[PDB]
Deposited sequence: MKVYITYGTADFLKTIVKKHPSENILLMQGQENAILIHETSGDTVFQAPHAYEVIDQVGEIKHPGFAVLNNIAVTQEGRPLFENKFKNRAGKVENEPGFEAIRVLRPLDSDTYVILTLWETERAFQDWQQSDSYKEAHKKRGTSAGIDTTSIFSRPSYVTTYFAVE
């Protein structure tokens, strides 16, 4: 239900994973830094996590080769609409090849939601992005502009 995320250099972030083998913590390397994603039903184990309620979920988190995060700033009153602009999501992404999982993460310490989709490869995402099922989700209340970050399985 709950996702915790912390960012930084990957060698360091590994020492955190090895401390909590009991917990399902994914590590991927992005441009600016590496990320730890931690899906659990209870407690964080990061110092200073970014914390999220999972409000939509598909597939499981277990070793994706590629991860894409869309980082969206929603105003405080904006949330209820946005929230149910995603309920409205068709989830045409899920019935697509290479797609391992999606999570729509409601933030608890910021205004920035995160739509996290997990893939087997970059190309799997790169495929879907050019597909029509990208443009039936985008055809024809935000604090500041959204951005996308991307991460690779560990190198």
Unmodelled ranges, which are counted on the deposited sequence from position 1 and given in order: 141 to 151
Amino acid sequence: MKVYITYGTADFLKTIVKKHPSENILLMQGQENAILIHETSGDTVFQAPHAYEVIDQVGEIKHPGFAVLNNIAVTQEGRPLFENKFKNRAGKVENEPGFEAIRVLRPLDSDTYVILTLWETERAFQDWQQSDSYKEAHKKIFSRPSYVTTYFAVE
From here on, numbers count along this sequence of modelled residues.
For the higher mean C-alpha B factor in the entry, choose 35 to 43 or 93 to 101. 93 to 101
Do the C-alpha atoms of 61 to 69 or of 123 to 131 have the higher average B factor in the entry? 123 to 131
Highest Cα B-factor in the PDB entry belongs to which of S146, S22, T9, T15? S22
Out of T112, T117, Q29, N88, residue topping the C-alpha B-factor column of the entry: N88
